[PDB]
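So here's one chain in two forms, each on its own in structure tokens, numbered structure 1 and structure 2.
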Structure 1
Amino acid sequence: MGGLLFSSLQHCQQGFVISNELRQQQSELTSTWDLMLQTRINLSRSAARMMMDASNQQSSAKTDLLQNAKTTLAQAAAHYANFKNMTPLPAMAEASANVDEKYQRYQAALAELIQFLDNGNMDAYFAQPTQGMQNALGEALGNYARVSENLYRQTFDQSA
């Protein structure tokens, strides 16, 4: 914004300390959603290959699309672990708990789907209610985003 933003160095610096945590927290969450979606996509392209069958050598249990799924899923929980390590801010603590809930469920879901397809079991792949659990975490993360956005807005002058 521009002009008259902060009452003093104490007020500017206070707003920096909150915004710099917020930022780091949000970086971790953003990278965790992003690698869970790449994992879902990489399960999808595996399964579609599976379903074209006749196939070509090894495709299902082993070979490398599923290995890719295993890698991006194992990078998303690492970012979540960095998130979980961080100081819960008072203003963010409900949002953050609601996030862990749906995160836990969508991680587990994703991990399971990897084992279904590694077992070649396409009916279980499709039987799992994956999208409801993906969306729930989407809504929890958009709920965190909003609450971070309000906390962030209170750090500088309310008048533009």
Structure 2
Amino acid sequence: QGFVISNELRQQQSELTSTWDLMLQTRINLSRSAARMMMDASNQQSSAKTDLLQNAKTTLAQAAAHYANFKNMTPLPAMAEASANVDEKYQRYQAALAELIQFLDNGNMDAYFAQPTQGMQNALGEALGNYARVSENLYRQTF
């Protein structure tokens, strides 16, 4: 520990980082799945793969595993605002990604491309970037 339980803040950032990266690979997988889905316009797309969609399911499960860990460890009262905003945000992005797997799972390319996914993602990154600031800024104080 030390700097306001430095190790703690170090572990939470590790969990959030892995959760974040894992949600990004989930989106990559969906996308690679979608691009390969041959059912568009004047083109046969590419090697029809649903394994990639299955992968998406797995990575989202893994990201959910890490967040579950971030949520069950020594919660600091000062990080209460930052942590909740991280929750307004994670639940929305995780639900966005699942609306997507559900669309690719039923051939609903109507809804898949139309979903404003990037906005949901940015909002989480903002929340995550904010958690990082709070954990250091004026939080590195007292030692």
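Every residue number counts along structure 1's sequence, beginning with 1. Think of the rigid core as the biggest set of C-alphas that the two forms share within 1.5 Å after superposition.
J.: Structure 1 or 2: which one is the form solved without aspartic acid?
T.: The form solved without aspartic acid is the one given as structure 1; the other form is structure 2.
J.: Superposing on the rigid core, which residue among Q104, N68, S55, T30 shifts its Cα by at least 2 Å between structures 1 and 2?
T.: The answer here is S55.
J.: Does the distance between the two CA positions of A140 reach 2 Å or more between structures 1 and 2, the core being superposed?
T.: Superposed on the core, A140 moves its C-alpha less than 2 Å between structures 1 and 2.
J.: Quick one: CA shift at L151 between structures 1 and 2, core fit, Å?
T.: Its C-alpha position differs by 5.5 Å.
J.: Once both forms are fitted on the core, what is the Cα shift for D118 between structures 1 and 2 in Å?
T.: The shift comes out to 0.9 Å.
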